[PDB]
Amino acid sequence: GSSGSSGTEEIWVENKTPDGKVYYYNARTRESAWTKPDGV
């Protein structure tokens, strides 16, 4: 807990659907995807 931080994250945003599922929203494409793509 105290230690162990991710650090830098993609340009995506962390959110959670109104059902109870965490997803990621891209500010570049303005899309919604559970996980974030690689090679960005």
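Preceding this paragraph is the structure being described.
Residues numbered from 1 in each chain as written, not as in the entry; some residues may be left out. Heavy atoms only, no water.

Draft legend 1. Structural view of the sheet that holds strand β1 (residues 12-16). One open sheet accounts for three strands, arranged β1-β2-β3; its pairing is antiparallel. Strands with a single pairing partner mark the edges of an open sheet, and in this sheet they are β1 and β3 (32-33). (Pairing = 2+ DSSP bridges. Helix = DSSP H or I, 4+ residues; strand = E, 2+ residues; numbered from the N terminus.)

Draft legend 2. Structural view of unusual backbone geometry. We note that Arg 30 has phi near 65°; this positive angle belongs to a residue other than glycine. Relative to the assigned elements, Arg 30 resides in the loop between β2 (22-26) and β3.

Draft legend 3. Representation of the packing of aromatic side chains within the structure. A complete count under the given rule lists one aromatic pair for this structure. Between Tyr 23 and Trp 34, the aromatic rings sit 6.2 Å apart at their centres with planes inclined by 85°, giving edge-to-face as the arrangement. Of this pair, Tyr 23 sits in strand β2 while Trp 34 sits in the segment after β3, and the two are eleven residues apart along the sequence. Owing to a relative accessible area of 47%, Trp 34 belongs among the partly exposed residues under this scheme. If you follow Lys 36 out to its NZ or CZ, it ends over the ring of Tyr 24, 4.4 Å from the centre. (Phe/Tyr/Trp six-rings, centres within 6.5 Å; stacked < 30°, edge-to-face > 60°. Buried < 20%, exposed > 50% of the residue type's maximum accessible area, 1.4 Å probe, protein only. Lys NZ or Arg CZ within 6 Å of the ring centre and 35° of its normal.)

Draft legend 4. Fine view of the environment of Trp 12. Examined against the element boundaries, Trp 12 turns out to sit in strand β1. The class for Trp 12 is buried, based on a relative accessible area of 14%.

Draft legend 5. Main features of the pattern of salt bridges. Tallied over the full model, the rule gives one salt bridge. In this structure, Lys 36 engages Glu 10 in a salt bridge whose closest nitrogen and oxygen atoms are separated by 3.1 Å. Placement of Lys 36 in the segment after β3 and of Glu 10 in the segment before β1 is noted, with a sequence separation of 26 residues between them. (Salt bridge = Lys/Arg side-chain N within 4 Å of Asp/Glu carboxyl O.)

These results come straight from atomic positions and should not be treated as a statement about function.
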